[PDB]
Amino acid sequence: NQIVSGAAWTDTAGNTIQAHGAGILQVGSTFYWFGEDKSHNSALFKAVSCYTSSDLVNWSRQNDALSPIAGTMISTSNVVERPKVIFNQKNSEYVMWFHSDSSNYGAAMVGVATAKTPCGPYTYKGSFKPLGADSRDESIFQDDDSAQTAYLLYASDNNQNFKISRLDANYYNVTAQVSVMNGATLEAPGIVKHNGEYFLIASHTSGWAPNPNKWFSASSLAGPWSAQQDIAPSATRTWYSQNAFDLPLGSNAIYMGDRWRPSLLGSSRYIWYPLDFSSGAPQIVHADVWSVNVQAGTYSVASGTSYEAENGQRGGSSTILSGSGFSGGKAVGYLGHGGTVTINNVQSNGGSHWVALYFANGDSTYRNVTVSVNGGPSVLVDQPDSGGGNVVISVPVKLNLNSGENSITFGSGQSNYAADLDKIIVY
């Protein structure tokens, strides 16, 4: 089973996974994924969900880890974001931290809850401002010293100043500032310790819109920290995502991000990629389809076959576009609204296959494209805004192919313009 960024992910019961703003905890060889339940299409608090898996693909929904409490700061009128859980060895206790806020983000607190088992349910113990100052986007990092010292990483002072501060021995309170990046406008933080060095991954502040996420490193959490560098090509806006959790994996890591859909928040998707450290620093591997070997601490990227859209057969009013951002320097434009392209001679062993559509969409809103395989009934594929007419991203579609040769037609029947199609990759 494969990790396929941007698809609609469902749990073992077949229900949409609702765990945005991910926090991960490993117990044994089980991964616990905590997140925000947005099934109600709202930024206000419904639950902190809890899912488990052995392989980072096949997730079983457990009891919710945190439920709202009326008349408190975790009421259903309030905001609970970006939950994180670490285990406290001294107390044999799981401690959850989260961003605790009002609906207009004017309160800027953390909240804390505890449990004796990983999915809890957890008992909320209150919300507070760390050292009396704002905390909005946050994460928690647990170091590998004998004391397992933990730290809050947080956007402070109306998001302008990024802070790292040490937690007490219970992981209940922030008690000393460790470093601050004044004017850094960083949010969505996480830290992975790799080769003895601390690596901070963070986004800048653009609300729900994605932006180029950055890495910084230091030999001490007190700094000095290096200046920001990109984890992905800047035009792609972190391949249309925002950092949520950075999970170590052998000699590398896994980038776990959210693709926020602010007009329909429960349909926000999950963008998980290998975070390769072979250059000495974290770089996203743009892997449409990949898997993890947990015991070996490795990842494997699926190989596919590319087909350029411009080499297909156009029908109707579609055109050939030229641009440096496209594979082959070309793409097919004016798709939909009477224009089609058919990609022929797609060889396959048949059955269900992931097919990545590489496209550009310069609008600020989603487009979509109809897809028919071998003349079968049409499906509709969402095409998010890509960041520019010359900026290509990819979305996955799990198509049923025939054993042998296949033809795939794009854009038939739809009155709206689809995105511009650069190529497809058949896995």
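Throughout, we count residues from 1 along the sequence that is shown.
Of the two segments examined, 66-74 and 53-61, it is 53-61 that shows the higher average Cα temperature factor in the deposited entry. When 396-404 is weighed against 356-364, 396-404 comes out higher, by mean CA B-factor as recorded in the entry.
The PDB entry assigns the greatest CA B-factor among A302, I191, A155, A309 to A302. As recorded in the PDB entry, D145 shows the highest C-alpha B-factor of the residues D230, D168, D145, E81. The entry lists a Cα temperature factor for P248 that places it in the middle third of the chain's modelled residues. For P384, the recorded CA B-factor ranks within the middle third of the chain. Only modelled residues enter the ranking.
Among all modelled residues in this chain, the alpha-carbon of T175 has a temperature factor (C-alpha) in the highest third. Sort the modelled residues of the chain by CA B factor and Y105 lands in the middle third. Ranked by C-alpha B-factor against the other modelled residues of its chain, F128 falls in the lowest third.
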